[PDB]
Structures are given as structure tokens and as C-alpha cells.
Amino acid sequence: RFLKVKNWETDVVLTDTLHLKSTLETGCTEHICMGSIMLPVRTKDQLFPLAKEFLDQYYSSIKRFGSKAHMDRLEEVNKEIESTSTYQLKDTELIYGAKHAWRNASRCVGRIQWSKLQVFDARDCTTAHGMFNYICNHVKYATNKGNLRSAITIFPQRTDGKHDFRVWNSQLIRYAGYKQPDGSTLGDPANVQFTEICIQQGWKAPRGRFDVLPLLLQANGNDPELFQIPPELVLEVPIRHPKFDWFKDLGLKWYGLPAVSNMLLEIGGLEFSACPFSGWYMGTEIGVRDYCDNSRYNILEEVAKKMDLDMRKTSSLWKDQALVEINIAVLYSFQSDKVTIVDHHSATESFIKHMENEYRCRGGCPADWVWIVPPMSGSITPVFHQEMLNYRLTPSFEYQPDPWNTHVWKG
Amino acid sequence: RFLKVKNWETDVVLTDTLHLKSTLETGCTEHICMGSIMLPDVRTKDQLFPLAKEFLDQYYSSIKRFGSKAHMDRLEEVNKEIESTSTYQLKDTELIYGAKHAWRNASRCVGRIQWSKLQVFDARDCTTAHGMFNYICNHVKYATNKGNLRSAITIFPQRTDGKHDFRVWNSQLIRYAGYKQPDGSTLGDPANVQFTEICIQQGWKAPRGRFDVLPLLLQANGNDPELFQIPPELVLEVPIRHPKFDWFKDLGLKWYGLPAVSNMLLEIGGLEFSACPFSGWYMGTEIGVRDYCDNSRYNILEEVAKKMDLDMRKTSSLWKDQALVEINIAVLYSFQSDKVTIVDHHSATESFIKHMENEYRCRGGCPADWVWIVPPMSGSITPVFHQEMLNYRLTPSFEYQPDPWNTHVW
Ligand code: HEM
Ligand code: HEM
Ligand SMILES: CNCc1cc(C#N)cc(CCc2ccc3c(C)cc(N)nc3c2)c1
Ligand SMILES: CNCc1cc(C#N)cc(CCc2ccc3c(C)cc(N)nc3c2)c1
Ligand SMILES: C[C@H](O)[C@H](O)[C@H]1CNc2nc(N)[nH]c(=O)c2N1
Ligand SMILES: C[C@H](O)[C@H](O)[C@H]1CNc2nc(N)[nH]c(=O)c2N1
Ligand SMILES: [Zn+2]
């Protein structure tokens with residue numbers, strides 16, 4: 001069964017066959033769509049089918065499907081599974097797995113770059129300190145003095161679920177958030193809870209509006225430990241506006257490296273619970289969400305005020321006006337400092353080209369419209385008029401509960 | 001299976017049970033979500049009756065006479081007429097209920113907080129295009145109300161054998177013409193290029209201006225459709241000017257005040273109203289973001305930004321964005337100045353969240369298509385963006401239907 005998607009701007013129609021190779025479920029049914037819902041201990045019983053499926057994919061990709069190399073590997077993995085209840089990936093497989101996980105990430109507008117991922121194998125890691133070291137090197141390598149590089153670092157796979165490696169931070173680099181007694185928040189409101197945990201674990205908070213948080217690292221199921229990323233590793237960009245001289249005085253800055261660390265990499269049934277990955281920012285991530293979202297730095301008011309906008313009725317679109325300027329300034333600041341950033345126009349255009357290419361060479365490209373469309377100026381980007389099929393392919397990045405809700409504390 | 005929806009800006013969590021009353025299909029499966037797909041032979045006597053019963057069961061529930069004398073009788077009454085006439089007719093009250101609830105159930109509509117204040121015009125006695133023209137003129141005049149817009153739907157006779165369909169061939173009652181130019185591109189309104197042709201190709205004399213109000217093309221009882229010109233005094237238009245940029249009026253833009261959609265099919269109790277033009281009032285972005293700035297439309301961003309002397313060299317200056325905002329500031333300012341009803345995308349989305357909360361509270365849910373509820377600009381700074389929404393199809397409903405010229409036994 002074949003499926004068509006249409007771009008209503010350009011009348012380009014594409015045909016998806018890839019969706020047939022889909023395994024996992026969407027949350028949707030015939031009678032309900034959960035397409036806008038944010039979120040919708042594994043035995044050998046179901047592991048080898050997952051392994052075989054991955055290995056079949058892998059050897060297809062290297063044009064060795066059915067080869068003796070393919071069959072022995074299957075045999076080898078089989079034997080290792082029933083013998084050890086799990087199995088290990090070769091380096092080639094791990095790299096393939098991680099790259100395809102990204103490629104399969106249907107909510108990611110950035111997947112044009114997916115084949116150019118730097119994979120760091122941290123599967124020999126055994127301690128938090130070792131994790132800290134691997135992560136430091138990730139950051140230094142990925143940051144590259146502002147010339148950002150995609151990278152992922154992969155810590156040991158889950159075994160019995162009782163010896164998990166986890167990075168407790170949601171991102172490697174993020175600013176603290178402090179609930180004040182008067183109800184106001186100092187720093188990033190998105191990070192208040194994690195900040196508290198860190199503090200409780202013994203972090204000494206400078207309590208400034210832009211304190212880089214400590215890494216909280218958990219190895220082999222042990223209680224997590226605190227580490228401070230060396231500040232010379234944390235590339236930061238002061239935020240100024242090209243026409244508005246008063247913008248710098250808003251005292252804003254942001255870090256250059258977006259590196260997500262709370263997700264789970266699944267490859268051939270194996271679960272990599274600590275697998276931090278990084279790329280570079282689309283400007284709107286910082287400029288729309290990180291600053292202007294009501295539950296974040298929320299500087300919309302202050303910028304509006306300083307622009308002397310009509311902030312009385314909303315129909316003055318003062319919010320819209322400030323939002324643009326703030327995103328103008330974010331892009332301006334980063335480019336001025338030669339730190340890699342992409343604007344939402346460029347990123348969405350690239351994605352459409354990626355997607356079309358993917359339909360031609362791969363038979364489809366799973367995509368989550370709700371997430372792919374930029375959080376501002378949606379319809380003047382070409383993804384807005386792009387119909388998209390959303391389905392779940394493995395290898396995949398998955399969500400997982402915050403470790404502090406599941407962790408058993410040693411003490 | 002009593003699903004929850006979270007608002008992530010507010011942690012408000014609503015419980016949805018209404019979805020279990022759903023009947024029709026979404027297009028999705030557990031293997032693939034189609035929620036971004038634009039759109040995924042009459043009724044036999046057999047499948048028509050449960051359809052009627054389902055609708056009548058809701059109706060009498062809503063008037064708290066479920067399982068009552070009145071209910072049972074009417075149920076029996078409709079049942080008899082179906083078996084006999086192979087169809088049936090709605091009581092006026094059921095018609096009104098049906099239409100209002102088709103709007104209530106329209107999961108893509110952000111304006112549904114107003115749903116129960118719909119003015120319903122029963123045009124089921126209509127027999128000719130001239131008749132349709134008259135009913136449509138009265139609709140347009142009533143809805144416009146000198147700029148104090150009012151919601152209305154006018155309902156023409158229900159489908160019979162599919163050979164006698166009532167159809168308004170226009171997509172909206174009021175839309176500007178679109179002309180293919182020898183120079184290459186398009187004058188007027190590009191979305192309406194083919195229709196503007198069909199009109200001419202059916203005998204219309206185009207003024208070939210940029211804002212030529214299209215003629216009505218009405219089809220009664222499945223006959224050759226007919227051209228009618230809407231009296232200009234009934235077509236309220238707003239000249240578009242900017243509150244701070246006096247050069248903006250020189251762009252020579254205007255829009256019409258009445259959004260009135262005329263190509264959809266209203267389904268009630270299994271009956272199919274293929275002609276049922278309905279209208280409300282605009283959210284500002286519908287004109288400013290979409291009608292002006294979409295590339296397959298007026299596409300005026302470029303020249304607007306030029307007059308703003310913005311750096312259009314690289315996309316990263318966000319000149320498109322900047323212009324887009326000014327254009328939309330202008331539209332609102334213009335309409336508001338001329339006392340024509342209009343809502344900004346902040347106001348409408350806020351309204352919708354309240355409406356959502358209301359529907360979960362008094363009805364147990366509210367079907368919603370996030371892809372369509374989120375405005376085409378400033379998405380994440382409107383409240384709907386962080387609002388999880390469940391999408392499912394309830395009846396009565398508005399549905400799509402083929403463009404008539406692809407079907408019509410001419
Ligand atoms: C290199 C440039 C990249 C850009 C510009 C980019 C951009 C984005 C954006 C804007 C989102 C939406 C999230 C949000 O707005 O909150 C997203 C989602 C995502 N990205 Fe990318 N990304 C990049 C690289 C990567 C890399 C290297 C990986 C993994 C190795 C990745 C994996 C993902 C995943 C798994 C999601 C889904 C998030 C979720 O499900 O919650 N991305 N990306
Ligand atoms: C009164 C103020 C109203 C406002 C502000 C409003 C707003 C909107 C908007 C913004 C859309 C999205 C379409 C787009 O942006 O391209 C929409 C869709 C829709 N509206 Fe409403 N609307 C209103 C009244 C009504 C009324 C009176 C009806 C019918 C009785 C109605 C039925 C619908 C339907 C069926 C759709 C989706 C049609 C489809 O699936 O394509 N609306 N509306
Ligand atoms: C404003 N939304 C905040 C947010 C929420 C979730 C969730 N759930 C997940 C994320 C992270 C999604 C993500 C993951 C990876 C990214 C990479 C590698 C690069 C980039 N520029 N953005 C990303 C964005 C953010
Ligand atoms: C430019 N948006 C694309 C679009 C496509 C189709 C189709 N096919 C149909 C529609 C109609 C959507 C609609 C329907 C009714 C509306 C009413 C009654 C009021 C209003 N302000 N907007 C509407 C908008 C839109
Ligand atoms: C391809 C995509 O689904 C299509 O462009 C939809 C997206 N969301 C929309 N949302 C609204 N309000 N109006 C639209 O026309 C559309 N078009
Ligand atoms: C409810 C909704 O799914 C949620 O707010 C999503 C919507 N789309 C998004 N899109 C992006 N890029 N990032 C997000 O965080 C979200 N949040
Ligand atoms: Zn779906």
C-alpha cells in the first residue's frame with residue numbers, strides 16, 4: 001500500500017513506501033489522532049527479532065544482505081543473546097545505528113546533516129568521572145571554537161535496568177533557574193527543578209541569571225555525581241541587536257552548543273540510556289522559545305517596553321514585533337561571533353530538500369509537522385504547506401522518565 | 001481510554017471522554033499519523049436510519065427529553081418516513097441544532113467559542129439559482145450588518161439522488177478575481193485563477209482589475225449553474241493602511257470584511273446539505289499572513305519589505321518576518337478603524353482555550369486539530385501552541401466535497 005503527500009504551495013507530490021517498514025505505534029487510531037500529544041528490563045524473548053531486524057537493515061545498507069558476513073553476524077548475535085541475555089554492537093553498527101536514529105527523528109528539522117554525525121563510543125566508560133571526561137571532550141570537539149560539529153557520545157547500554165548510565169541534565173549546557181521566595185524566578189524557569197536537585201546534591205549556586213549548571217552524572221546505576229564543565233569549554237554569545245543599542249543592556253547571553261542528554265537511543269533492541277547529542281541552534285529555539293515563551297526568560301515585555309510599543313491591546317501585535325526583533329538579535333549576535341547558527345527560513349528550506357531527497361532514495365521521510373513547523377512565521381516557511389507522514393522507525397531516539405523519579409538511592 | 005490532554009504552559013490537564021462518542025475516521029492508524037494531510041452515490045435506506053437515530057438521540061438528550069414521549073414518537077416518526085420515502089426531513093429545531101453542532105464539532109475552527117450564536121437560515125424551500133441568489137444576498141446583508149458582523153449559515157435543499165444537487169460553485173461567497181497574464185505571472189488573486197476562468201468560461205465579463213469581486217455561480221437542483229453579481233453595496237471592503245507607515249496606503253490594497261465559506265457539505269443525521277454557505281468574521285492572520293503573503297497568493301512581502309528598506313539580501317535578517325508583522329498590524333488597524341469586526345490571533349486563541357476548558361467541563365471534550373488551530377504566525381507565543389489537542393470526527397459535521405465542475409453532468 002502506497003501513500004501520497006502533497007506540497008500545497010508547489011503542487012509537488014511525493015510517494016511514501018517507507019511507512020510500511022514501520023514497527024512501533026503512533027498513539028493514533030482510526031478514531032483519534034494524538035499527533036499533538038507531547039509524549040505518546042527487556043527479555044531475550046523479544047530481543048533477537050529486534051536484533052535481526054536491525055542487522056538486516058545494516059547489511060542491506062552496506063549491500064551485504066544475505067552475505068556470509070551477514071549470516072555469521074546473525075548467528076554470532078543469536079548465540080551471544082541466549083548465552084548472555086543481551087549482545088554487543090560492533091563499532092560500524094553503533095555508528096550506523098546512531099546516524100539512523102537521528103535520520104528517523106521525525107520531529108527534527110535539522111536532519112539534512114544526519115549522515116555527518118561524529119560518533120563517540122563511550123561504551124568502555126565505567127564511572128561518573130569517566131563520563132565527565134567523555135562529555136568534556138564531546139563539548140570541546142562539537143564546539144570547535146564556534147564552528148559547530150554534530151556529535152553524539154554513547155555510554156554503556158542498559159543491562160538489567162538496575163545499572164543504568166544516565167546524564168541527569170536534560171542538556172549538557174543549560175542555565176540554572178532559582179525560585180525566589182517572592183514567586184519570581186531568577187535564571188531559566190525551565191530548569192528550576194533540576195537546579196534544586198543539583199543544589200541539594202551540593203552544588204554551590206552563584207545564583208545569577210546565567211549560571212551554567214553542573215553536570216550530574218550517573219554510571220552503572222550508582223548515585224549521580226556533580227561535575228563543573230570547565231568554563232573555557234562553554235562557548236557563550238552575548239546578545240545584542242544590530243540597530244537597537246539598548247538591547248545589549250538587557251544583559252542577555254546564550255550558550256552556543258545545543259546538546260540534548262536526556263533521551264534514549266534504541267538500536268537493535270539495545271537501550272542506550274545515556275547518549276548525549278549535539279548540533280547547532282536554529283535561531284528560533286533561543287529567540288522564540290528560550291526568551292519569549294511565557295514559561296521561560298520572558299523578556300517580551302521588557303523588549304516591547306524598550307521599543308516603546310503599544311502594549312495595551314494585543315491587536316497592536318507588540319508581542320509579534322518584539323519577538324521578531326529578539327530573533328533578529330539572536331541571529332545577529334551569533335553570526336557576528338562566527339558561532340554556527342541557522343535561521344528558520346534556511347533550515348525549513350533545507351529540510352524540504354532533505355525530505356524530497358529522502359522520498360526518492362529511501363521511499364519516505366517520517367516527519368512530525370507539529371514540531372517541524374517553526375514557532376514563528378510558520379506559513380512563510382515552506383514546511384507549513386508541506387503535508388507529512390509521521391511514523392516510527394528504529395533505530396530511534398526515545399523519551400525516558402527523569403532519573404530522579406525512578407532512581408533507587410544508594411547513599 | 002479516558003484520555004488526558006496537558007497544556008504545557010500551564011500544566012492544566014483536561015480529561016477527554018467525548019472522543020468515545022466519535023463515529024467517523026481520522027485517516028490515521030497506529031502505524032501512521034496523517035494529522036497534517038489536508039484531506040483524507042447516496043445513502044441506502046439501511047445506513048440512513050441509525051444515522052438519524054444517532055442524531056435524534058443527541059438532540060433529545062440535549063433538550064433533556066431523552067427516552068421521553070416526545071423522543072420515542074419522533075424516533076418512530078422518522079423511522080416510518082425513511083422506510084417510505086427513502087429519506088426524511090429535519091424539523092426546524094433539529095436543523096438549527098444540527099447546524100450549530102456542525103460548527104461546534106469543526107475541529108479545525110479556532111472561532112468555535114461563538115458556536116451556539118449561529119443564525120440559521122432555512123432555505124430548504126429554494127428551487128432556482130435566482131432563488132439561491134436571493135437567499136445568499138440576504139445572508140450577506142444580515143451577516144455584514146454594516147460591519148458589526150454576525151455568524152450565519154444558509155441551508156439549501158438536502159441532496160436526493162445526487163442528480164439534483166444544490167451547489168454554490170464559489171469557494172467563498174466573496175473572493176477577488178485572479179487573472180492569468182501574458183507577462184507570465186498572475187494579476188488579482190492567484191487562488192482563484194481557475195474559477196475566474198470558469199466564470200469567464202461560463203460567460204462572465206471580467207473588469208480585469210486586481211480586486212474584482214467574483215460573481216456568484218449558483219446551481220439549483222443539479223441544473224447548469226448561473227452567474228449572479230452581488231450588489232456592491234452589500235460587499236463591505238476595508239482599505240488597508242498602516243497606523244505608522246503612510247506609504248502603506250499607496251500599495252492599493254483592500255480586503256472584504258465577510259469570510260463566507262460556500263463549498264462545504266453539511267451532514268446532519270445522515271442527510272447531506274451540499275449547499276450551505278456559512279460565514280463569521282476574520283481572524284486578522286487569515287488575510288495578512290495567508291491571503292497577502294503566501295507565495296501562491298498575493299505574495300506582497302517582497303515589495304512591502306522594500307518600502308521598509310529592509311535588508312533583503314539574506315534570510316537571516318528576518319525581513320520577511322518583520323514585514324509580515326507590519327502587514328498584519330495594518331490589517332487589524334484598518335478593519336478596526338472602519339469598525340468592521342475582526343479578531344487578532346492572540347485574542348482568538350485565548351478565546352479558544354477558554355472554549356476548550358468550557359467544552360471539557362460541560363461536554364467532556366472538544367475535538368481539535370492543532371495543525372489548524374495554531375495561527376500561521378507567532379505560533380508559540382499564542383496559548384494554543386502548548387496546548388495538547390485530541391482530534392476526532394463528531395457528527396453533525398462540515399465536510400469537503402469535490403469541486404462541482406469535476407462532477408456536474410453538464
Ligand atoms: C545540526 C543541527 C540541528 C538542528 C538545527 C536541529 C533542530 C531541531 C529542532 C528545532 C528541533 C525541535 C525541538 C524544539 O524546537 O524544541 C529538533 C528536534 C530533534 N532533534 Fe534536531 N537539530 C539538529 C541536530 C540534531 C542531532 C545531531 C540530533 C541527534 C544526533 C538531533 C536529534 C533530534 C531529536 C531526537 C529531536 C526530537 C526532540 C523530541 O522528540 O523531543 N538533532 N531538532
Ligand atoms: C466567527 C468567527 C470565526 C473565526 C474567527 C473563525 C476562524 C477560523 C480559522 C482561522 C480557520 C482556519 C482556516 C485557515 O486559517 O485557513 C477556520 C476553519 C474553519 N471554520 Fe471557523 N471561524 C469562525 C466562524 C465559523 C463559523 C460561523 C463556521 C460555520 C458555521 C465555521 C466553520 C469552520 C470550518 C468547518 C473550518 C475548517 C474547514 C476545513 O476543514 O477546511 N467557522 N475558522
Ligand atoms: C522549546 N522546547 C523545549 C524542548 C522540549 C523537549 C521536549 N519534550 C525537547 C527539547 C529538545 C529537542 C531538541 C533535541 C535536539 C536538538 C539538537 C541536537 C539540536 C538543536 N538545535 N535542537 C534540538 C532540539 C526541547
Ligand atoms: C487558506 N486556508 C486554506 C483553506 C482550504 C480549504 C480547502 N479546501 C478551505 C478553507 C476554509 C477554512 C475556513 C472556513 C470557514 C471560515 C469561517 C466561517 C470564518 C473564518 N474567519 N475563516 C474560515 C476559514 C481554507
Ligand atoms: C500541509 C499543511 O497540512 C497545510 O498547509 C495546512 C496546515 N495548517 C493549516 N492551518 C490553517 N489554519 N489553514 C491552512 O490552510 C492550513 N494548511
Ligand atoms: C502540545 C504541543 O504538541 C507541544 O507544545 C509542542 C508543539 N510543537 C512543538 N514544536 C517544536 N519545535 N518544539 C516544541 O517544543 C513543540 N511543542
Ligand atoms: Zn494522527
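Naming convention: chains lettered A, B, ... in sequence-line order (proteins, then strands); numbering from 1 in each chain. What's counted below: heavy atoms across the whole structure, side chains too, no hydrogens, waters or symmetry copies. Just follow the structure's listing: the first ligand is 1, and inside any ligand the first atom is 1.
- The option from B/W115, B/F398, B/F278, B/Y400 that lies nearest to atom 39 (C) of ligand 2, judged by heavy atoms, is B/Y400.
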Checklist entry - Is there a side-chain hydrogen bond (donor to acceptor under 3.5 Å, both in side chains) between A/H344 and B/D321 once you walk through the steps? => result CA-CA 10 Å; A/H344 50 283; B/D321 309 77; 2.8 Å; yes

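- For A/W254 and A/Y281, the side-chain atoms include at least one donor-acceptor pair closer than 3.5 Å.
- Considering B/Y282, B/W103, B/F352, B/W372 only, the shortest heavy-atom separation from atom 25 (C) of ligand 2 involves B/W103.
- Scanning the protein for heavy atoms near atom 20 (N) of ligand 2, the closest one is B/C109 CB, 3.3 Å.
- Counted by atom type alone, B/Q401 and B/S274 present zero donor-acceptor pairs between their side chains at under 3.5 Å.
- Contact analysis puts B/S279 in contact with ligand 2, with a non-hydrogen atom separation below 4.0 angstrom.
- One option in B/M38, B/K100, B/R108, B/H101 has a heavy atom closer to atom 37 (C) of ligand 2 than any other, and that option is B/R108.
- For the residue pair A/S170/A/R174, the side-chain donor-acceptor check at 3.5 Å is satisfied.
- Of all protein heavy atoms, the one closest to atom 17 (N) of ligand 5 is B/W372 CZ2, 3.9 Å.
- Here the shortest heavy-atom distance to atom 38 (C) of ligand 2, taken over B/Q114, B/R104, B/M264, B/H345, belongs to B/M264.
- The side-chain heavy atoms of A/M38 and A/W371, taken from C-beta on, include a pair separated by under 4.5 Å.
- The closest protein non-hydrogen atom to atom 3 (O) of ligand 6 is A/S36 O, 2.8 Å.
- With A/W280 contributing its side chain and A/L257 its backbone, the two residues share no donor-acceptor pair below 3.5 Å.
- Side-chain atoms of B/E25 do not come within 3.5 Å of backbone N or O of B/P40 as any donor-acceptor pair.
- Residue-level proximity to ligand 6 for A/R289 is carried by the side chain, the only part with a heavy atom below 4.0 angstrom.
- Checking side-chain atoms of B/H346 against main-chain N and O of B/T382 turns up no donor-acceptor pair under 3.5 Å.
- Ligand 2 has B/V110 within reach: a non-hydrogen atom of the residue lies less than 4.0 Å from it.
- With ligand atoms numbered from 1 in the order given, ligand 2 contributes 10 (C) to contacts under 4.0 Å with heavy atoms of B/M283.
- When only non-hydrogen protein atoms are considered, atom 34 (C) of ligand 2 lies nearest to B/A106 CB, 4.0 Å.
- The heavy atom nearest to atom 14 (C) of ligand 2, considering only B/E286, B/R112, B/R150, is found in B/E286.
- Nearest non-hydrogen protein atom to atom 2 (C) of ligand 5 is A/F384 O, 3.2 Å.
- In this structure, B/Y176 has its ring center under 6.0 Å from that of B/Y256.
- If you look at B/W281 next to ligand 2, the close heavy atoms, those under 4.0 Å, come from the backbone and the side chain alike.
- Every atom of ligand 6 is numbered from 1 in the order shown, and the set under 4.0 Å from a heavy atom of B/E388 is 1 (C).
- Regarding atom 8 (N) of ligand 5, its nearest protein heavy-atom neighbour is B/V371 O, 3.2 Å.
- For the residue pair A/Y297/A/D188, the side-chain donor-acceptor check at 3.5 Å is not satisfied.
- Near B/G280, the atoms of ligand 2 lying under 4.0 angstrom from a non-hydrogen atom of the residue are 1 (C).
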Checklist entry - Would B/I155 and B/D122 count as a side chain to side chain contact (heavy atoms under 4.5 Å, CB included) if you check the C-alpha gap in whole Å, the side-chain angles of each, and the deciding distance to 0.1 Å? => result CA-CA 5 Å; B/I155 302 161; B/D122 186 355; 5.6 Å; no

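- Which parts of ligand 6 touch A/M38 is read off a 4.0 Å heavy-atom cut-off, strictly below it: atoms 4 (C).
- Note: no N/O pair closer than 3.5 Å links B/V374 and ligand 5 by distance alone.
- With a 4.0 Å cut-off on non-hydrogen atoms, B/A152 does not touch ligand 2 at all.
- The aromatic rings of B/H355 and B/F352 are tilted relative to each other, their planes meeting at an angle between 30° and 60°.
- Side-chain N/O atoms of B/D344 and A/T314 include a donor and acceptor closer than 3.5 Å.
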